[PDB]
$ cat structure-v2.txt   # compact mmCIF, C-alpha atoms and all ligand atoms
# COMPACT_ATOMS: atom_id res chain seq x y z
CA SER F 632 2.75 -65.64 -81.59
CA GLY F 633 6.21 -65.79 -79.96
CA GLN F 634 7.20 -62.20 -78.95
CA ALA F 635 10.84 -62.60 -77.69
CA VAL F 636 13.58 -60.64 -79.56
CA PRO F 637 17.38 -61.30 -79.52
CA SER F 638 18.05 -58.88 -76.56
CA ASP F 639 15.74 -61.20 -74.47
CA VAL F 640 17.94 -64.37 -74.99
CA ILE F 641 21.54 -63.22 -75.94
CA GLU F 642 24.02 -60.44 -75.09
CA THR F 643 23.53 -57.76 -77.83
CA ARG F 644 25.51 -54.71 -78.95
CA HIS F 645 23.73 -51.44 -79.82
CA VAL F 646 22.95 -51.38 -83.59
CA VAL F 647 21.16 -48.30 -85.01
CA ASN F 648 18.69 -49.56 -87.66
CA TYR F 649 18.24 -46.92 -90.45
CA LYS F 650 16.38 -49.47 -92.69
CA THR F 651 12.62 -49.02 -93.43
CA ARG F 652 9.69 -51.26 -94.47
CA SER F 653 8.93 -48.83 -97.40
CA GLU F 654 8.76 -51.58 -100.08
CA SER F 655 6.34 -53.89 -98.10
CA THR F 656 3.58 -51.23 -97.59
CA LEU F 657 0.41 -52.40 -99.44
CA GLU F 658 0.86 -49.54 -101.97
CA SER F 659 4.47 -50.76 -102.69
CA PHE F 660 3.47 -54.50 -102.78
CA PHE F 661 0.60 -53.79 -105.28
CA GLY F 662 2.32 -50.84 -107.11
CA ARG F 663 2.80 -52.74 -110.42
CA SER F 664 0.81 -53.08 -113.68
CA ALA F 665 0.13 -56.87 -114.00
CA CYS F 666 -1.17 -58.62 -117.17
CA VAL F 667 -4.67 -60.03 -116.33
CA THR F 668 -5.76 -61.31 -119.82
CA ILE F 669 -4.90 -61.63 -123.54
CA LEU F 670 -7.76 -60.84 -125.99
CA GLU F 671 -7.75 -61.56 -129.76
CA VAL F 672 -9.44 -59.54 -132.57
CA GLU F 673 -9.00 -59.70 -136.37
CA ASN F 674 -9.76 -57.52 -139.41
CA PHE F 675 -10.65 -59.34 -142.66
CA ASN F 676 -13.54 -59.89 -145.11
CA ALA F 677 -15.74 -62.27 -143.03
CA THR F 678 -18.22 -64.42 -145.11
CA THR F 679 -19.26 -66.91 -142.27
CA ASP F 680 -20.82 -66.42 -138.77
CA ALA F 681 -17.59 -67.79 -137.15
CA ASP F 682 -15.42 -65.28 -139.15
CA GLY K 77 66.42 -34.97 -80.93
CA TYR K 78 63.21 -36.53 -82.40
CA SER K 79 63.72 -37.85 -85.99
CA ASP K 80 61.61 -39.09 -88.97
CA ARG K 81 64.17 -42.00 -89.04
CA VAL K 82 63.70 -43.27 -85.41
CA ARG K 83 60.36 -44.83 -84.32
CA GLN K 84 58.93 -47.11 -81.62
CA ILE K 85 55.61 -48.97 -82.11
CA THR K 86 54.05 -50.82 -79.12
CA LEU K 87 50.90 -52.98 -79.53
CA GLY K 88 49.95 -55.39 -76.70
CA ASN K 89 53.07 -57.18 -75.37
CA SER K 90 55.10 -56.39 -78.58
CA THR K 91 57.41 -53.46 -79.51
CA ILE K 92 59.23 -52.60 -82.77
CA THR K 93 62.17 -50.15 -82.98
CA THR K 94 63.69 -48.73 -86.18
CA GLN K 95 66.61 -46.24 -86.46
CA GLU K 96 66.38 -45.89 -90.31
CA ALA K 97 62.65 -45.33 -91.02
CA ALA K 98 61.18 -42.86 -93.56
CA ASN K 99 58.14 -41.46 -91.66
CA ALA K 100 55.11 -43.84 -91.66
CA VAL K 101 52.07 -44.12 -93.97
CA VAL K 102 48.47 -43.98 -92.67
CA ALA K 103 46.55 -45.45 -95.66
CA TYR K 104 44.08 -42.85 -97.09
CA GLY K 105 44.96 -40.64 -94.04
CA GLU K 106 42.65 -42.76 -91.78
CA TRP K 107 43.70 -44.48 -88.52
CA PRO K 108 41.80 -47.74 -87.83
CA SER K 109 38.87 -47.58 -85.33
CA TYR K 110 36.08 -49.73 -83.83
CA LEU K 111 32.71 -49.97 -85.68
CA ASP K 112 30.28 -47.16 -84.59
CA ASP K 113 26.64 -48.02 -83.60
CA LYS K 114 25.45 -45.76 -86.53
CA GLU K 115 27.38 -47.96 -89.08
CA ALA K 116 26.86 -51.38 -87.36
CA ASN K 117 25.24 -54.43 -89.06
CA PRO K 118 25.31 -57.74 -87.06
CA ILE K 119 23.43 -57.12 -83.75
CA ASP K 120 25.16 -59.66 -81.41
CA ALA K 121 27.56 -58.11 -78.83
CA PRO K 122 30.95 -58.35 -80.62
CA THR K 123 34.17 -59.90 -79.26
CA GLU K 124 36.96 -57.24 -79.07
CA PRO K 125 40.00 -59.37 -78.14
CA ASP K 126 42.27 -56.27 -77.72
CA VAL K 127 45.86 -57.16 -76.54
CA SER K 128 45.45 -60.99 -77.04
CA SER K 129 45.22 -60.44 -80.86
CA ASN K 130 46.19 -56.76 -81.53
CA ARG K 131 49.97 -57.31 -81.41
CA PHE K 132 52.94 -57.85 -83.78
CA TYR K 133 53.15 -61.29 -85.46
CA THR K 134 56.42 -61.94 -87.40
CA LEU K 135 56.01 -64.12 -90.54
CA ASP K 136 58.74 -66.48 -91.88
CA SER K 137 61.48 -64.30 -93.51
CA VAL K 138 62.07 -64.40 -97.31
CA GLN K 139 65.46 -63.96 -99.09
CA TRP K 140 66.01 -60.99 -101.44
CA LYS K 141 68.38 -62.10 -104.28
CA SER K 142 69.53 -60.24 -107.48
CA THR K 143 67.03 -62.59 -109.33
CA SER K 144 63.98 -62.11 -106.95
CA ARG K 145 60.85 -60.80 -108.82
CA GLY K 146 58.87 -60.03 -105.60
CA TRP K 147 56.51 -61.31 -102.89
CA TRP K 148 52.79 -61.09 -102.06
CA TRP K 149 50.61 -61.83 -99.01
CA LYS K 150 46.88 -61.34 -98.36
CA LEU K 151 45.31 -60.08 -95.10
CA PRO K 152 43.87 -61.47 -92.93
CA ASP K 153 45.05 -64.78 -94.66
CA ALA K 154 48.76 -64.23 -93.70
CA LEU K 155 47.75 -64.09 -89.95
CA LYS K 156 45.13 -66.93 -89.97
CA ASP K 157 47.47 -69.25 -87.89
CA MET K 158 48.81 -66.41 -85.62
CA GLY K 159 48.06 -66.94 -81.90
CA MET K 160 44.72 -65.66 -80.55
CA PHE K 161 44.07 -63.53 -83.70
CA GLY K 162 43.75 -66.80 -85.72
CA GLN K 163 41.51 -68.39 -83.03
CA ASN K 164 39.16 -65.32 -82.89
CA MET K 165 39.11 -65.20 -86.74
CA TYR K 166 38.06 -68.89 -87.13
CA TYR K 167 35.61 -69.11 -84.13
CA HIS K 168 33.53 -66.23 -85.68
CA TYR K 169 31.55 -65.90 -88.96
CA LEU K 170 32.47 -62.16 -89.12
CA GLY K 171 35.59 -60.09 -88.39
CA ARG K 172 37.12 -56.69 -89.13
CA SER K 173 40.67 -55.47 -88.48
CA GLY K 174 43.08 -52.66 -89.27
CA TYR K 175 46.83 -53.41 -89.33
CA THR K 176 50.26 -51.98 -88.63
CA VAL K 177 52.48 -53.53 -91.37
CA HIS K 178 56.25 -53.28 -90.59
CA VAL K 179 58.55 -54.51 -93.42
CA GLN K 180 62.20 -54.96 -92.33
CA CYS K 181 65.23 -55.10 -94.67
CA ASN K 182 68.71 -53.89 -93.57
CA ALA K 183 71.93 -54.18 -95.62
CA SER K 184 75.05 -51.93 -95.57
CA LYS K 185 76.14 -48.51 -96.89
CA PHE K 186 77.78 -50.55 -99.78
CA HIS K 187 74.60 -52.48 -100.85
CA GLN K 188 72.00 -50.98 -103.23
CA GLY K 189 68.40 -51.84 -104.16
CA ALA K 190 64.85 -50.54 -103.70
CA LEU K 191 61.67 -52.41 -102.62
CA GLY K 192 58.20 -50.98 -103.35
CA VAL K 193 55.90 -51.94 -100.41
CA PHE K 194 52.21 -51.60 -101.45
CA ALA K 195 48.97 -52.17 -99.47
CA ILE K 196 46.29 -52.98 -102.13
CA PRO K 197 42.55 -53.11 -101.26
CA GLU K 198 40.81 -56.12 -102.96
CA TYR K 199 44.07 -57.45 -104.49
CA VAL K 200 42.38 -59.73 -107.09
CA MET K 201 44.99 -61.60 -109.23
CA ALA K 202 44.83 -63.40 -112.63
CA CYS K 203 44.51 -67.23 -112.85
CA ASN K 204 47.06 -69.43 -114.70
CA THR K 205 44.81 -71.16 -117.32
CA CA F 701 20.30 -59.74 -73.03
CL CL F 702 62.25 -67.28 -90.73

$ encode --input "structure-v2.txt" --output "structure tokens" --more "lines below"
Ligand SMILES: [Ca+2]
Ligand SMILES: [Cl-]
Amino acid sequence: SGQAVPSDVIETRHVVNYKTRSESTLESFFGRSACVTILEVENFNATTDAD
Amino acid sequence: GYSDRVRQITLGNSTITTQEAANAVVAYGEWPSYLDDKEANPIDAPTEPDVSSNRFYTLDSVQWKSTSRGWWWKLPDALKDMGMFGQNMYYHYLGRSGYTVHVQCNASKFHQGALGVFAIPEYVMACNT
């Protein structure tokens, strides 16, 4: 891939970056309970195979 | 010799004198300063125009009458057409500035009246509908 960063192609000031990639770790990306299916069941007096 | 009433302010090629001041306010007790590397955001080398832009610009005067209800300006809006400050402001996406605001109103020992002069952060005003 291209590797160049801004300091390679423009005049840059010093900027201290305190920001982290905490929320894009795999644990953070996947760290959610997701609905994967909806099942149905019933309770009634069943008189047919289908019921 | 030195007096709370007598002050000189020099910025760039511009000087103000007053012989009837009342001290000076430094808003929230903090002098303006450049943006530190540990608080910086955009990463391009900034333009710091210094004396070209950091100088006294005098607006059109207004007339105080017995019927005047008052005046407002916004900053940096009031200076948007002022010399190299205006040019630097409009050639760049981003800008920051402090200000020395000097409000001037002389009369005589026989006139009376009092102006409140307020610097308001985020001076959001009501609409007229
Ligand atoms: Ca460079
Ligand atoms: Cl004028």

$ interface_residues --input "structure-v2.txt" --of "chain F" --to "chain K" --cutoff "10 Å" --atoms "only C-alpha atoms" --output "tab-separated table (two decimals) with C-alpha atoms, in the coordinates of the input"
chain	number	residue	atom	x	y	z
F	637	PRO	CA	17.38	-61.30	-79.52
F	638	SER	CA	18.05	-58.88	-76.56
F	641	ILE	CA	21.54	-63.22	-75.94
F	642	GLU	CA	24.02	-60.44	-75.09
F	643	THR	CA	23.53	-57.76	-77.83
F	644	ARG	CA	25.51	-54.71	-78.95
F	645	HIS	CA	23.73	-51.44	-79.82
F	646	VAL	CA	22.95	-51.38	-83.59
F	647	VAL	CA	21.16	-48.30	-85.01
F	648	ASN	CA	18.69	-49.56	-87.66
F	649	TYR	CA	18.24	-46.92	-90.45

$ residues_around --input "structure-v2.txt" --residues "residue 179 in chain K" --least-positions-apart "2" --cutoff "9 Å" --atoms "all atoms listed in the file" --output "list in words"
residues 177, 181 and 193 of chain K

$ residues_near_ligand --input "structure-v2.txt" --ligand "ligand CL 702 (chain F)" --cutoff "12 Å" --atoms "all atoms listed in the file" --output "compact mmCIF listing (two decimals) with C-alpha atoms, in the frame of the given file"
# COMPACT_ATOMS: atom_id res chain seq x y z
CA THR K 134 56.42 -61.94 -87.40
CA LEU K 135 56.01 -64.12 -90.54
CA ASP K 136 58.74 -66.48 -91.88
CA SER K 137 61.48 -64.30 -93.51
CA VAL K 138 62.07 -64.40 -97.31
CA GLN K 139 65.46 -63.96 -99.09

$ atom_distance --input "structure-v2.txt" --atom1 "CA of residue 111 in chain K" --atom2 "CA of residue 132 in chain K"
21.8 Å

$ atom_distance --input "structure-v2.txt" --atom1 "CA of residue 158 in chain K" --atom2 "CA of residue 89 in chain K"
14.4 Å

$ closest_residue --input "structure-v2.txt" --among "F:657, F:677, F:670, F:636" --to "ligand CA 701 (chain F)" --atoms "only C-alpha atoms and all ligand atoms"
F:636

$ atom_distance --input "structure-v2.txt" --atom1 "CA of residue 633 in chain F" --atom2 "CA of residue 168 in chain K"
27.9 Å

$ residues_around --input "structure-v2.txt" --residues "residue 171 in chain K" --least-positions-apart "5" --cutoff "10 Å" --atoms "all atoms listed in the file" --output "number ranges by chain"
K: 122-124, 152, 164-166

$ residues_around --input "structure-v2.txt" --residues "residue 673 in chain F" --least-positions-apart "2" --cutoff "9 Å" --atoms "all atoms listed in the file" --output "mmCIF file with C-alpha atoms, in the coordinates of the input"
data_model
loop_
_atom_site.group_PDB
_atom_site.id
_atom_site.type_symbol
_atom_site.label_atom_id
_atom_site.label_comp_id
_atom_site.auth_asym_id
_atom_site.auth_seq_id
_atom_site.Cartn_x
_atom_site.Cartn_y
_atom_site.Cartn_z
ATOM 1 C CA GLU F 671 -7.750 -61.560 -129.760
ATOM 2 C CA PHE F 675 -10.650 -59.340 -142.660
ATOM 3 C CA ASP F 682 -15.420 -65.280 -139.150
#

$ residues_around --input "structure-v2.txt" --residues "residue 84 in chain K" --least-positions-apart "6" --cutoff "8 Å" --atoms "only C-alpha atoms" --output "ChimeraX atom specification"
/K:91-94

$ residues_around --input "structure-v2.txt" --residues "range 100-102 of chain K" --least-positions-apart "4" --cutoff "9 Å" --atoms "only C-alpha atoms" --output "short mmCIF file (atom, residue, chain, number, x, y, z; two decimals) with C-alpha atoms, in the coordinates of the input"
data_model
loop_
_atom_site.label_atom_id
_atom_site.label_comp_id
_atom_site.auth_asym_id
_atom_site.auth_seq_id
_atom_site.Cartn_x
_atom_site.Cartn_y
_atom_site.Cartn_z
CA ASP K 80 61.61 -39.09 -88.97
CA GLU K 106 42.65 -42.76 -91.78
CA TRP K 107 43.70 -44.48 -88.52
#

$ axis_aligned_box --input "structure-v2.txt" --around "range 162-181 of chain K" --padding-each-side "3 Å" --output "JSON"
{"center_x": 48.4, "center_y": -60.5, "center_z": -88.8, "size_x": 39.7, "size_y": 23.1, "size_z": 17.8}
